[PDB]
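Here we start with a single chain on its own, the form deposited in one PDB entry, put down as structure tokens.
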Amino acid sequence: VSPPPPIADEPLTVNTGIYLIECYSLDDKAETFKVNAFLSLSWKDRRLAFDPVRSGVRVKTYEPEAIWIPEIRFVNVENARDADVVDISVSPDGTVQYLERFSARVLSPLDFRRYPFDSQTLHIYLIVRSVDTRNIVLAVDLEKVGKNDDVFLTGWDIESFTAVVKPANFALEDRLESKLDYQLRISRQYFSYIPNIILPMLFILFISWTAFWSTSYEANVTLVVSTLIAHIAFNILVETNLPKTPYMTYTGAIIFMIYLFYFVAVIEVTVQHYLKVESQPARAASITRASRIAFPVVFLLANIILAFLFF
């Protein structure tokens, strides 16, 4: 057992395919997902030719250790995948059809910029390293790339599973390495974020603005500080579900901005009271009357500007 030798001096082509049976645990924080799939491998090995006549059988079945099998590995996994050889078929010419079922935890960065209205392309990268007597090179048999209909990934919509057909070939520590990019295209179901986070967060903000219709300092201070706190809670909640990014995310921004609104609300509440104590309620009155319009208007304007920047 060692690689099949060249008729001319060509590289050995290994045809690959991945067929997804299960998708689970897309973990936003860790940036990983779990996959369970068929991996198929095919390649010519002429040493394996045989006569159906002189051997009885149209196809031969072999056990893994009886024949050379190319060492395909995944790049972006945590551990070597878990693999069960399902079947090895050789047709008389010596074409080998290899089928395994595997499960793995795959590393794959997400772009959180438009969370929770984002989409992602997950990758599974197949690789192979050339041996000394010859160069091995990968290809996609499109016939054998797919996914079953039930493959659901909680909280995500699956758009498509396809491979980039042309391998990236490169040198790595003095041997040739041939790498393939399988892509799984998903988009986040943002639905639930609406009732669970966004609206509650808006409600509490609007409740704060009722301070603009009140001349009670002690009341206002309570309205504004209390809701501020609830906002902090949502902030903390939302940030425990995301990893820490070196860029602002869309929700992140809305969340941050809204602090500014609480801060300016407190100022207004403070100024209004101060003026009142100093015996000038009319200036106060018209600062408050303004705020009733200004706050919602600037809040709306600022949001449109953000949606534009982000989307």
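The term rigid core refers to the most C-alpha atoms you can superpose between the two forms while keeping them within 1.5 Å. Residues that one form lacks are left out of the comparison. Numbers follow the displayed sequence, beginning with 1.
The same protein also has a form deposited in another entry, omitted here; what follows describes it.
- Of the residues listed here (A163, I88, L228, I136), only one shifts its CA by 2 angstroms or more between the shown form and the other one after fitting on the rigid core, and it is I136.
- The two forms, fitted on the rigid core, differ between the shown form and the other one by 2 Å or more at the CA of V145.
- Relative to this form, in the other form the C-alpha atoms of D174 and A139 separate from one another by 3 angstroms or more.
- With a change of no less than 3 Å, the CA-CA distance between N135 and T16 is smaller in the other form than in the form shown.
- In sequence order, the runs of three or more residues whose C-alphas all shift by 2 angstroms or more between the shown form and the other one, with the rigid core superposed, are 4-9, 132-145.
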